[PDB]
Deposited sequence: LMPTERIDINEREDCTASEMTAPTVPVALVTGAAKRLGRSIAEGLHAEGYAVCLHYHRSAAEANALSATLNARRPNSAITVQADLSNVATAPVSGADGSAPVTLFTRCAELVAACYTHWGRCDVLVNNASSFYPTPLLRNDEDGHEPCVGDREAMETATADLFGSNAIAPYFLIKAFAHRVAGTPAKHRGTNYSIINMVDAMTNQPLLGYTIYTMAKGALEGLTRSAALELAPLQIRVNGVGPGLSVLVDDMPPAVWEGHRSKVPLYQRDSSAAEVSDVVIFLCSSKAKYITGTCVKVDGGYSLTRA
């Protein structure tokens, strides 16, 4: 049997690491991307080279916008992401909401503020919700007899959002939304044995505040975060749900 994982924003950095980690545990991986076509396909080739038919790639804008062929809504695109797993492998056991846009929306000093709202809220919060819904329908729609035994959803949150980065309000709001989703989804999907957890990095794979991380005085490596994600997805973590785990080297414990 092969378990299947869908990882959004899978092409580089943390998403890559999560994809690789899950693959190393024997998962077939659906690598989602938006712009990073080259890196996603390059990664898929690597995984497929180690293990045939263990990686595909699909493309999607997770921004809260309808596109063009009815233009196509964000819900439709999200449903089609999950479907891509079922079409290709007949299952989807793990979902990782990792894709996330991150840039300033200052309150102090209007078209590019239309699209900021749709992008930052789409990637970080709205799309995750629709992805979860699609994920949950597919599971519910499978007869109990042929359901998987380790359904897990991980939401990439942020360990530092209680201590907001100055000027990043929409982003912080979006992560707040995502934490809400983690709790709400965990509660509603418990009957289907679908676990919903969060993982929140502090500082990871940077390119300043490096020296202010108490443990090691450095940002983390990609693996230092993905290993937590992978652990939470393992059956060892089968009683954990609705919780967020900080992977931040004690950064959230600091003050100015």
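Asks: What are the missing stretches of the deposited sequence, listed from start to end?
Replies: Unobserved in coordinates, per deposited numbering: 1-23, 93-99, 140-151, 250-258.
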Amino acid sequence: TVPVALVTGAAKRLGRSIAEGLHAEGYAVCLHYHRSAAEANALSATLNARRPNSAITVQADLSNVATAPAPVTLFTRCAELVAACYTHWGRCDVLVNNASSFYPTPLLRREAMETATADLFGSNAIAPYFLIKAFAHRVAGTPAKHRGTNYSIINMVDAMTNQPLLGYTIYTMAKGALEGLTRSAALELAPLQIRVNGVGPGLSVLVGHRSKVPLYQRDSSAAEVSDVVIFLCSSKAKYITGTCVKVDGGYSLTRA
From here on, numbers count along this sequence of modelled residues.
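Asks: Give the stretch, out of 47-55 and 225-233, with the larger mean C-alpha temperature factor in the deposited entry.
Replies: Mean B over CA atoms: larger for 47-55.
Asks: Which wins on mean Cα temperature factor, 191-199 or 36-44?
Replies: 36-44 has the higher mean C-alpha B-factor.
Asks: For the CA B factor values reported in this entry, which option in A24, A11, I18, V247 has the top one?
Replies: In the PDB entry, the greatest C-alpha B-factor among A24, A11, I18, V247 is found at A24.
Asks: When you compare the CA B-factors of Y171, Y129, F75, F135 as listed in the entry, which one comes out on top?
Replies: Comparing C-alpha B-factors across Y171, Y129, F75, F135, the top value belongs to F75.
Asks: Among the modelled residues of its chain, does the C-alpha B-factor of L215 lie in the lowest, middle or highest third?
Replies: Within its chain, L215 is a lowest-third residue by C-alpha B-factor, going by the deposited values.
Asks: C-alpha B factor of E80, ranked within the chain: lowest, middle or highest third?
Replies: CA B-factor rank for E80: highest third.
Asks: According to the PDB entry, is the CA B factor of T1 in the bottom, middle or top third of its chain, that is, lowest, middle or highest?
Replies: Highest third - that is where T1 ends up once the chain's C-alpha B-factors are sorted.
Asks: Looking at the entry's B-factor column for C-alpha atoms only, identify whether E114 ranks in the lowest, middle or highest third of its chain.
Replies: For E114, the deposited C-alpha B-factor lands in the highest third.
Asks: By its CA B factor, does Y103 count among the lowest, middle or highest third of the modelled residues in the chain?
Replies: Its C-alpha B-factor, which the entry lists for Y103, ranks in the lowest third among residues of this chain.
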